[PDB]
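Undergrad: piece number one of the complex, untouched:
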Amino acid sequence: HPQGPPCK
Amino acid sequence: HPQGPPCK
């Protein structure tokens, strides 16, 4: 989701 | 409050 932190 | 019902 764009609301969360990076997926990195 | 304008978000609640009419008063008494």
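TA: The structure has been received and is ready for your questions. Numbering: from 1, shown residues only, chains lettered A, B, ... in the order given.
Undergrad: now residue A:7, what's its secondary structure?
TA: At residue A:7, secondary structure determined by DSSP: H, G, I helix; E, B strand; the rest coil is coil.
Undergrad: next, count neighbours for it.
TA: The number of residues packed near residue A:7 is 5, by other C-beta atoms under 10 Å in any protein chain shown. (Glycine included, C-beta is placed from N, CA and C.)
Undergrad: phi first, then psi, for it.
TA: Main-chain dihedrals, residue A:7, degrees, to the nearest 10: phi -90, psi -10.
Undergrad: that one: what's it in contact with?
TA: Residue A:7 makes no contacts at all, as judged by C-beta atoms under 8 Å, 6 or more residues apart in numbering or on different chains.
Undergrad: swap the cut-off to 10 Å and go again
TA: By C-beta atoms under 10 Å, 6 or more residues apart in numbering or on different chains, the contact set of residue A:7 is residue A:1.
Undergrad: distance check, it against residue A:1.
TA: From residue A:7 across to residue A:1, the span is 10 Å (C-beta to C-beta, to the nearest Å).
Undergrad: again with residue A:8
TA: Distance of residue A:8 to residue A:1, computed by C-beta to C-beta: 15 Å.
Undergrad: mutual contacts of residue A:7 and residue A:1, please.
TA: In contact with both residue A:7 and residue A:1: no residue, using C-beta under 10 Å, 6+ apart.
Undergrad: in chain A, which residue sits furthest out from the middle?
TA: Largest separation from the mean C-alpha position in chain A: residue A:8, at 8.4 Å (C-alpha atoms, centre = their mean).
Undergrad: please name the residues that touch that residue.
TA: Under the criterion of C-beta under 10 Å, 6+ apart, residue A:8 has no neighbours.
Undergrad: same question for residue A:1.
TA: Contacts for residue A:1 (C-beta under 10 Å, 6+ apart) come out as residue A:7.
Undergrad: append chain C to the structure above:
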Amino acid sequence: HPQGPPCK
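TA: Chain C goes in next, on the same frame as the chains above:
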């Protein structure tokens, strides 16, 4: 999840 309705 046990808090929701029966499955399909």
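Undergrad: re-run the earlier check on the neighbour count of residue A:7 with chain C in the model.
TA: Other residues close to residue A:7 by other C-beta under 10 Å number 5.
Undergrad: try residue A:3
TA: Number of residues near residue A:3 (other C-beta under 10 Å) recorded here: 4.
Undergrad: just say helix, strand or coil for it.
TA: coil.
Undergrad: quick one: contacts for it?
TA: By C-beta under 10 Å, 6+ apart, the contact list for residue A:3 is empty.
Undergrad: got phi/psi on it?
TA: phi -80, psi -20.
Undergrad: with residue A:2 instead?
TA: phi -60, psi -10.
Undergrad: now do it: how many residues are near it, please.
TA: The number of residues packed near residue A:2 is 3, by other C-beta under 10 Å.
Undergrad: also, this goes in as chain D:
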Amino acid sequence: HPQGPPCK
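TA: Chain D, in position alongside the others:
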């Protein structure tokens, strides 16, 4: 309310 901070 007892849940809030002190009234001090």
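Undergrad: since we added chain D, can you redo the contacts of residue A:1?
TA: residue A:7.
Undergrad: at 6 Å instead, please
TA: Applying C-beta atoms under 6 Å, 6 or more residues apart in numbering or on different chains to residue A:1 gives no contacts.
Undergrad: residue A:5 now?
TA: By C-beta under 6 Å, 6+ apart, no residues touch residue A:5.
Undergrad: what's it sitting at in phi/psi?
TA: Backbone torsions of residue A:5, given as degrees, to the nearest 10, read phi -70, psi 180.
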